[PDB]
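Structure, as structure tokens:
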Amino acid sequence: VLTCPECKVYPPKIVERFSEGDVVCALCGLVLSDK
Amino acid sequence: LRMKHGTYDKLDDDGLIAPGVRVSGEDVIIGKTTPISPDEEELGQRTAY
Amino acid sequence: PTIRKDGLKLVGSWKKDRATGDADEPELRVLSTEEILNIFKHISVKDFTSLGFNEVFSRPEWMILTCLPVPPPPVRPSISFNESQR
Amino acid sequence: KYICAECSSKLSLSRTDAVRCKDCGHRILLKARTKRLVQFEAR
Amino acid sequence: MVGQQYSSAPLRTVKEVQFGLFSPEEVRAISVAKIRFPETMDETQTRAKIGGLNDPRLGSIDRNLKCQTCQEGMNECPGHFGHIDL
């Protein structure tokens, strides 16, 4: 399970940026996991 | 699950795009779906539906 | 004896002394690894230094395998196409 | 909609129908261009 | 700033690399899972067989579950060693 520690919204909304190797919350723009 | 960021809107009901549509970067032109057995779970990624 | 190598095997030949009365036929036998290990385990520290080995890190008895370490899956990663395709 | 490959016959196929032509029976079928022209901007 | 985590162990730099050889005692002591079965994953085809080649105590490469030995994600688990007895 992977959740944003600032929006605190369930279920979390998440978009994976494959071309940058990142996982990004779609609301605050925060970067969750890299590489 | 594991949908791609490309725009699925241009696909028809058949799952195949139709001639004469300006495709672009990272769009999809063929829609392919794989059934999965219930005992196969992506380590908690899969949901009920 | 006199030792030769055949594939992965180490074969020795005993040349019995001519004064024994037997023919000069070297009896052949495949040397057993456990016997060689036992011989190596009996060597001393002065011979350790003289041969060119080390007491702490590089004993010769360790050159014969008894337990084989298994590397973690990072060293041998599985490529999973699908959920049940590994 | 679709279209035949030899005689270009006008056919409509469902999601379960066999992929064949009714008149010539061939196994090669082509699509039909989007009837409603759609405007676009090249970006 | 590598690891995306915090640890209290001091940073240092490598100065020497002393080569050597394992004793079987070291292979036994280091290892955390004596591999026993020629199979990897269970008869349910959903999880790895305990004591097999893919024992969870060694670690995981997947990005969902964490290692049983250290409870860390795949981006922080180095990997741990098994052993096989001959």
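A note on labels: chains of the structure tokens are A, B, ... as shown, every chain counts residues from 1, and ligands are counted from 1 in their shown order.
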Report as a list in words the set of chain E residues whose atoms approach chain C to within 6 Å, with distances computed over only C-alpha atoms.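 Output check: residues 20, 21, 23, 58, 79, 80, 81, 82, 83, 84, 85 and 86 of chain E.
Omitting residue 7 of chain A and its sequence neighbours fewer than 5 positions away, and counting only C-alpha atoms, the residues within 12 Å are residues 12, 13, 14, 25, 26, 27, 28, 29 and 30 of chain A.
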Counting only C-alpha atoms, chain E residues within 7 Å of chain B, as a ChimeraX atom specification: /E:46,64-65
Each residue of chain D lying at most 9 Å from chain B should get a row with its shortest atom-to-atom pair and the distance in Å to one decimal, counting only C-alpha atoms; could you produce that, ordered by chain and increasing number, as a tab-separated table?
```
residue	atom	partner	partner_atom	distance
D:14	CA	B:14	CA	8.7
D:15	CA	B:14	CA	7.2
D:31	CA	B:18	CA	7.0
D:32	CA	B:19	CA	6.9
D:33	CA	B:19	CA	4.8
D:34	CA	B:18	CA	6.2
D:37	CA	B:20	CA	8.4
D:38	CA	B:21	CA	7.9
D:40	CA	B:22	CA	7.4
D:41	CA	B:22	CA	9.0
D:42	CA	B:22	CA	8.3
```
Please produce a file of those selected residues containing N, CA, C and O atoms, as a short mmCIF file (atom, residue, chain, number, x, y, z; two decimals), in the first residue's frame.
```cif
data_model
loop_
_atom_site.label_atom_id
_atom_site.label_comp_id
_atom_site.auth_asym_id
_atom_site.auth_seq_id
_atom_site.Cartn_x
_atom_site.Cartn_y
_atom_site.Cartn_z
N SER D 14 -20.17 -8.48 -35.71
CA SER D 14 -20.32 -8.36 -34.27
C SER D 14 -19.01 -8.77 -33.58
O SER D 14 -17.99 -9.02 -34.24
N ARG D 15 -19.03 -8.86 -32.25
CA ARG D 15 -17.86 -9.27 -31.49
C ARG D 15 -17.68 -10.78 -31.45
O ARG D 15 -16.65 -11.24 -30.94
N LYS D 31 -11.09 -2.33 -42.37
CA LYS D 31 -11.98 -1.43 -41.65
C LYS D 31 -12.58 -0.41 -42.62
O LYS D 31 -12.40 -0.49 -43.84
N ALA D 32 -13.30 0.56 -42.07
CA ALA D 32 -13.84 1.67 -42.84
C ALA D 32 -13.45 2.97 -42.15
O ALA D 32 -13.45 3.04 -40.92
N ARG D 33 -13.12 3.98 -42.94
CA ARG D 33 -12.65 5.24 -42.38
C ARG D 33 -13.75 5.91 -41.57
O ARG D 33 -14.95 5.70 -41.82
N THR D 34 -13.34 6.70 -40.58
CA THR D 34 -14.30 7.41 -39.74
C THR D 34 -15.23 8.26 -40.60
O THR D 34 -14.79 9.20 -41.26
N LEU D 37 -16.00 13.22 -40.21
CA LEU D 37 -14.70 13.88 -40.24
C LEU D 37 -14.49 14.64 -38.93
O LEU D 37 -15.38 15.34 -38.45
N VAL D 38 -13.30 14.48 -38.35
CA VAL D 38 -12.97 15.08 -37.07
C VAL D 38 -11.83 16.06 -37.30
O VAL D 38 -10.80 15.70 -37.89
N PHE D 40 -8.68 18.47 -36.21
CA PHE D 40 -7.57 18.32 -35.28
C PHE D 40 -6.61 19.49 -35.43
O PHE D 40 -6.62 20.22 -36.42
N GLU D 41 -5.78 19.67 -34.40
CA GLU D 41 -4.69 20.63 -34.42
C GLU D 41 -3.38 19.89 -34.18
O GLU D 41 -3.25 19.15 -33.19
N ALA D 42 -2.41 20.09 -35.07
CA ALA D 42 -1.11 19.44 -34.94
C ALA D 42 -0.26 20.21 -33.94
O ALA D 42 0.08 21.38 -34.17
#
```
One decimal, in Å: what's the spacing between atom CA of residue 15 of chain C and atom CA of residue 31 of chain C?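 Between atom CA of residue 15 of chain C and atom CA of residue 31 of chain C the gap is 15.3 Å.
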Please check the contacts: residues of chain A at most 10 Å away from chain E, using only C-alpha atoms, listed as a VMD selection string. chain A and resid 1 to 2 33 to 35
Next, the residues of the selection above should be written as a PDB file, in the first residue's frame with N, CA and C atoms.
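Contents of out-v8.pdb, freshly written:
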```
ATOM      1  N   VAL A   1       0.841  -1.191   0.000  1.00  0.00           N
ATOM      2  CA  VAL A   1       0.000   0.000   0.000  1.00  0.00           C
ATOM      3  C   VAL A   1       0.882   1.249   0.000  1.00  0.00           C
ATOM      4  N   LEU A   2       0.496   2.240  -0.800  1.00  0.00           N
ATOM      5  CA  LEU A   2       1.284   3.457  -0.973  1.00  0.00           C
ATOM      6  C   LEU A   2       0.343   4.650  -0.934  1.00  0.00           C
ATOM      7  N   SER A  33       7.862   7.372  -4.732  1.00  0.00           N
ATOM      8  CA  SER A  33       8.946   6.413  -4.889  1.00  0.00           C
ATOM      9  C   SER A  33       9.661   6.659  -6.207  1.00  0.00           C
ATOM     10  N   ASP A  34      10.986   6.581  -6.179  1.00  0.00           N
ATOM     11  CA  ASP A  34      11.810   6.843  -7.348  1.00  0.00           C
ATOM     12  C   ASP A  34      12.464   5.560  -7.846  1.00  0.00           C
ATOM     13  N   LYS A  35      12.938   5.615  -9.088  1.00  0.00           N
ATOM     14  CA  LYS A  35      13.677   4.519  -9.708  1.00  0.00           C
ATOM     15  C   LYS A  35      12.874   3.225  -9.742  1.00  0.00           C
TER      16      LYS A  35
END
```
Name all residues at most 10 Å from residue 29 of chain B (count only C-alpha atoms; drop same-chain ones fewer than 6 positions away) and give them as a list in words.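 Result of the neighbour search: residues 6, 7, 8, 9, 10, 11, 12, 15, 16, 17, 18 and 23 of chain B.
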Atomic distance atom CA of residue 74 of chain E - atom CA of residue 7 of chain E, expressed in Å with one decimal: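 Between atom CA of residue 74 of chain E and atom CA of residue 7 of chain E the gap is 17.1 Å.
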